[PDB]
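Protein chains: 2
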Amino acid sequence: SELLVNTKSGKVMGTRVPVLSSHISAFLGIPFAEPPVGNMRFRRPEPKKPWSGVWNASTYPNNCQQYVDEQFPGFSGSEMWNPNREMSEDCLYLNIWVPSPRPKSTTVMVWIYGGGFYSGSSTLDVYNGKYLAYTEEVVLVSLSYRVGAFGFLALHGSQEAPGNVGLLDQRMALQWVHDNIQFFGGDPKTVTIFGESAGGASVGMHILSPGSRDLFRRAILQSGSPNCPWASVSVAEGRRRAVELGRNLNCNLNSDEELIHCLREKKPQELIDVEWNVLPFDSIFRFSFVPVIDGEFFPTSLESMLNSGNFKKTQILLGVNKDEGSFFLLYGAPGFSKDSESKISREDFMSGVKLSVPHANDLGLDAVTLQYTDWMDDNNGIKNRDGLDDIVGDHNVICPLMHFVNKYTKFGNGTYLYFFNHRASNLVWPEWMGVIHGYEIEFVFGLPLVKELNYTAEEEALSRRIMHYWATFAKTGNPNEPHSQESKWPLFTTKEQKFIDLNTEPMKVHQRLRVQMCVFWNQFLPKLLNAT
Amino acid sequence: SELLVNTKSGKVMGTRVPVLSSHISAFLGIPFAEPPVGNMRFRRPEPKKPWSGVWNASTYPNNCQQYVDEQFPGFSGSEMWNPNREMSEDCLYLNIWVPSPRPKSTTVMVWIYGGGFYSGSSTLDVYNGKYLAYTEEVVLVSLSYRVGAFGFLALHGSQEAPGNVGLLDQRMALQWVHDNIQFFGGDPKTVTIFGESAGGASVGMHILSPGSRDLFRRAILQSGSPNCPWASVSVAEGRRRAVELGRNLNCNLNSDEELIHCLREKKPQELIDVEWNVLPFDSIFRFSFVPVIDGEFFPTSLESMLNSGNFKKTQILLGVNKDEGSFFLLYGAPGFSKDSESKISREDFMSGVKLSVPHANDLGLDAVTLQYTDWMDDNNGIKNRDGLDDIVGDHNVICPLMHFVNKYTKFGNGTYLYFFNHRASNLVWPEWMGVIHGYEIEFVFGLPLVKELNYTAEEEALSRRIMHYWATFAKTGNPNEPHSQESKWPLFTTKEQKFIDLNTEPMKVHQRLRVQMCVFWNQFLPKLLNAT
Ligand SMILES: COc1c(C(=O)CCC2CCN(CC3CCCCC3)CC2)cc(Cl)c2[nH]ccc12
Ligand SMILES: COc1c(C(=O)CCC2CCN(CC3CCCCC3)CC2)cc(Cl)c2[nH]ccc12
Ligand SMILES: *[C@@H]1O[C@H](CO)[C@@H](O)[C@H](O)[C@H]1NC(C)=O
Ligand SMILES: *[C@@H]1O[C@H](CO)[C@@H](O)[C@H](O)[C@H]1NC(C)=O
Ligand SMILES: *[C@@H]1O[C@H](CO)[C@@H](O)[C@H](O)[C@H]1NC(C)=O
Ligand SMILES: *[C@@H]1O[C@H](CO)[C@@H](O)[C@H](O)[C@H]1NC(C)=O
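Given below as structure tokens:
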């Protein structure tokens, strides 16, 4: 049968779903690991043991246990990121969309969701793989992984809670794809991994990690990279946060076993309830339980690996949006509101930068402030707002990614760089927020192709050219097809450093993306913080 | 007799000189001090003891002993600054231009020359007082003072070479004006001191020093100010350089008396020959023998005085030229030439900043570099040239002065600020040097009124409006003729921070002269260097 597939662990039965006046095949909620429940909380994932009978792969799986956003209840702009089904620790599932009829040896694309390593789900509406899988005739997979403490509680030296298990989940799903995607008409030799924000960083992390390199061919990174400040911690810091988590729940802290055993008796939301409390600073764009530089998943520091060329060498396609920072100011910085234009006072601006660069000393703070203040106009609330937006975005996303793109291109086999700066005509967030962190995503997934979503002709065309770039890249390592000149996306090189704008307008080529700000963030500021 | 004048120290005979189809009285080379010779080199100046008979004050006196610049022999652009008279240690004289007929009790303006405290002459063609005295009917006085080692060798504790004696020369000349200016028709209660560069700095130094305040009514500062980084040194540094000067001359260094004795037997030119060797670093815009923060001419640190309001409260009129830096790059930095466009390579631009901020640590150097480099275009030889020009001008003149004008204004009784940015139509220096340090002087002194000098009609008009400002300010404390037609130069207030452009175009008001850069020099950079 087309819907019935015998995999290396059992038979699964999928469903025929419609898409754009046609249909494709969907297999939802296939398990790829043993339920990381009970005594297996915090432990490495174990491969899903073979089942007898047919697995109902007809409906989305549970979502992983995560903090749930309630700032704006009812509000679609924030609620679209929240879990859209039951939360459970039994959440290690993946989903597959196969074009109908089933192709032979076609290109595979594995989605990896963001959410700052504390949240995120594969079952979200924006990650509906049907449009992209159908329009671009690729086998589309979306995996899942443990988030928050469940995924990234790190007590180095313990084999009970080593850290990074959330990335290991992703690896096991990648390993599952390598073993079974051929049964779905997928070529396991042509797998492109891709993800946004935290998902972006994850993609990069699998590039660096040796135990991950052979489980995929190429990589797309959207608005995230492995070296992001919010995206990892030392073993010392992971331990400290872990120990501090026990403290918030009256746990025994004399040993890891006692500490771990304690945290395992607690219910999931008990952990989540106190999760934010282990952060060292009052901060924004910082998350408690994130990957650790352990010496195992990552043999040595990210920078050194980047320097020595110790990573997977292939093609990467990567980029950022114009206003990466606004979402996080709204949730964590004074003066910002979803309902005003959020002109920021000088006072809230100063307040802002302190939250944004939580680890800086006073000289570092003055440096950042100077770097973003127009002194002919320091009490301009609009410039102060856009300034703070750029500080958050440049520091957490754009500049970390550029450092990565420059480092990778020395050893890579082809880099493509984009700047996404279209603002959706139907955005429900206020104008001041601009081109928001996460909002290129709906374009990648072909959401503008559906008429009821009320996008414009030009946005549908944009999404269509975007999906094509994505998939074409995925099959060939080049987002370009050999005709027109309308237009060719240039290769990013060490010398000329080209990239392209992604919007409704005809393609423009620029050079040196946010280089002025990024020299500050990548070279001056770090040298300054080390020095002082 | 108009030309014969009985002063407190003896009779004096001047001479009738022609000016612009008319005539005025000059009194050239009037002594105000005992010749600081022999046992009195380095020593405080002593008043000129009374003479018999009639002094022939009809010719220009000697110029003080100084480094003569031989870079462009024959070239008028450099040679206009060199000694136009014989050099000697017997140089403590002043010059007076008196309207004809002699005014009853008219405004007095005393000129103090620049030259980095190492050079300078009262007798220069460009400091010729006849036009200004004549046109605005003021009594114009030209003082002099010992420069370099002779004027500013400082060995704290010693009474033989205490430091600051050249500032004391100035004071003594001011004292002479106080005692004798009435005999020329001048009001000793209405004396404006003015000077450019070192003169400008000196003018503010008298503003600060308690023992100089009662010797003048108000102050004009052009392209210099007391807080300039080149304009003073500490006791420690001052001694170290003095001791080093003796080391370069095989002097006994075992005590101040044996060092001073050794340096006193040397011919002046021997001193000057090694003068530059005692500088701490390879630098531009640095000079070896300058005023000392000594606890006597300056009771406390210059910055503490400005803070406490410890200084003369009167009116000041002050400003800068658009390209303070070019003159010094030409004599000091790689890539700069009188005869090319001096487009600067990135490597030379690097060398430039190290030469220009010779006290910065590496972090400091990185900050300056970042602050002035456009990283989309870093190999632009013009942008690198202009940028290094701005670095020099902003660091050494513009930003010091803005610091001064802001601090002063909190206690002052009226501030006027100008940005001089006209390039003379007949400049002999290359186009790339722009509006040069010291080239507003010829406009202040009325040289464009003389037809054979070949200034344009618009430049003569500019000199006239500029002289009227300086004079009107000197008479009333305000450059504007109140309730007259012409547009009015606004007060600089700590809130609005207004100033004007000075050029051939109608007047423009602006606010916050070079804030962005001066915030960096005055606030950020010193914080960076103070850290460890
Ligand atoms: C949960 O809210 C916070 C934060 C935040 O960082 C909120 C900003 C995120 C909220 C949701 N959204 C998620 C992404 C997921 C991947 C694709 C793009 C959208 C945007 C970012 C910070 C602190 Cl300190 C908080 N404290 C309490 C709640 C809370
Ligand atoms: C003598 O030059 C130097 C320097 C300098 O930085 C000074 C260059 C000056 C040349 C004369 N010029 C005229 C001024 C006079 C005052 C009014 C305005 C115009 C100003 C610039 C530095 C070093 Cl290390 C030197 N070594 C040898 C000569 C020399
Ligand atoms: C799979 O589960 C769905 C959801 O409950 C159900 O409607 C469907 O009938 C099931 N399929 C089979 C073959 O049992
Ligand atoms: C990719 O690898 C091939 C084979 O080694 C090489 O010829 C090609 O130049 C590489 N491309 C890039 C952009 O590095
Ligand atoms: C003053 O000096 C000038 C020039 O040297 C000379 O012509 C004049 O005669 C002198 N005056 C007297 C009274 O000797
Ligand atoms: C100057 O001082 C006088 C006398 O105290 C005062 O009336 C006047 O307002 C002052 N002017 C300024 C500009 O400070």
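Protein sequences, first through last, are from chains A and B.
Per the deposited numbering, the first sequence starts with residue 4, numbered consecutively.
Per the deposited numbering, the second sequence starts with residue 4, numbered consecutively.
Positions of the beta carbon are idealized from the N, C-alpha and C atoms, including for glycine.
query	result
Going by beta-carbon coordinates alone, are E82(B) and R44(B) separated by less than 8 Å?	no
Could you tell me the alpha carbon to alpha carbon distance between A152(B) and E278(B), rounded to whole angstroms?	7 Å
Could one say the Cβ of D369(A) lies closer than 8 Å to chain B's Cβ atoms, at least one of them?	yes
Which residues, in chain order, does the segment 469-500 of chain A contribute to contact with chain B at a C-beta distance below 9 Å?	none
Taking only the alpha-carbon atoms, compute the straight-line gap between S304(A) and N313(A) and give it to the nearest angstrom.	11 Å
Find the residues of chain B that neighbour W378(A), judging by a C-beta separation of less than 8 Å, and give them in chain order.	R515, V518, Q519, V522
Count the other CB atoms, across all protein chains shown, that sit within 10 Å of the CB of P529(A); report buried if there are 16 or more and exposed otherwise.	exposed
May I ask you to report which of helix, strand or coil DSSP gives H264(A)?	helix
Please give me, in chain order, every unbroken run of the alpha helix (DSSP H) with length at least 4 that falls completely inside the segment 278-333 of chain A.	305-311
If you draw a straight line from the C-alpha of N87(B) to the C-alpha of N66(B), how long is it?	8 Å
Quick one: Cα of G17(B) to Cα of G355(B), how far?	49 Å
Just verifying my parser: in three-state terms, what is the DSSP assignment at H486(B)?	coil
For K346(B), which residues of its own chain have a beta-carbon under 8 Å away from its beta-carbon, when the five flanking residues on both sides are left out?	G338, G384, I385, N387, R388
Is it the case that the segment 52-70 of chain B contacts the segment 273-289 of chain B, given that we only count it when at least three CB pairs across the two stretches are under 8 Å?	yes
Can you grab the Cα-Cα spacing for the pair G203(A) / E268(A), in whole Å?	33 Å
Does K530(B) have its Cβ less than 8 Å from a Cβ in chain A?	yes
Can the beta-carbon of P294(A) be found closer than 8 Å to that of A336(A)?	no
Residues of chain B with CB closer than 7 Å to the CB of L373(A), please, in chain order.	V522, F523, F527
Taking the Cβ atom as the reference point for each residue, do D369(B) and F527(A) lie within a distance shorter than 8 Å?	yes
If you draw a straight line from the C-alpha of residue 565(B) to the C-alpha of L211(B), how long is it?	With chain B running from 4 to 535 in the structure shown, residue 565(B) is simply not present.
Distance check for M436(A) and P493(A), CA to CA, integer angstroms please.	29 Å
With respect to 7 Å, is the separation between the Cβ of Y375(A) and the closest non-hydrogen atom of ligand 2 below this value?	no
Going by Cα to Cα distance, which pick from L358(B), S348(B), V371(B) is closest to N382(B)?	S348(B)
With distances taken Cα to Cα, identify the nearest neighbour of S237(B) among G214(B), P271(B), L156(B).	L156(B)
Spell out the partners DSSP gives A201(B) in its beta bridges.	According to DSSP, which records beta bridges pairwise, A201(B) is partnered with nothing at all.
Is any heavy atom of ligand 3 found at a distance shorter than 7 Å from the C-beta of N59(A)?	yes
If you check the beta carbons only, do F284(A) and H209(A) fall under 8 Å apart?	no
May I have the straight-line CA-CA distance separating residue 546(A) from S24(A), to the nearest angstrom?	With chain A running from 4 to 535 in the structure shown, residue 546(A) is simply not present.
Keeping to the same chain, check which residues put their C-beta closer than 8 Å to that of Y96(B); ignore five residues upstream and five downstream.	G32, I33, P34, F35, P64, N65, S125, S147
Just tell me which of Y134(A), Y116(A), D377(A) has its CA closest to the CA of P102(A).	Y134(A)
What's the C-alpha gap between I469(B) and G390(A)?	41 Å
Nearest by alpha-carbon distance to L6(A): which of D182(A), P38(A), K52(A), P104(A) is it?	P104(A)
According to DSSP, is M436(A) part of a helix, a strand, or is it coil?	helix
Tell me whether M379(B) is buried or exposed, calling it buried when 16 or more other Cβ atoms sit within 10 Å of its Cβ.	exposed
Would you say the beta carbon of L494(A) comes nearer than 7 Å to a heavy atom of ligand 4?	yes
For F330(B) and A460(B), what's the separation of their Cα atoms in angstroms?	27 Å
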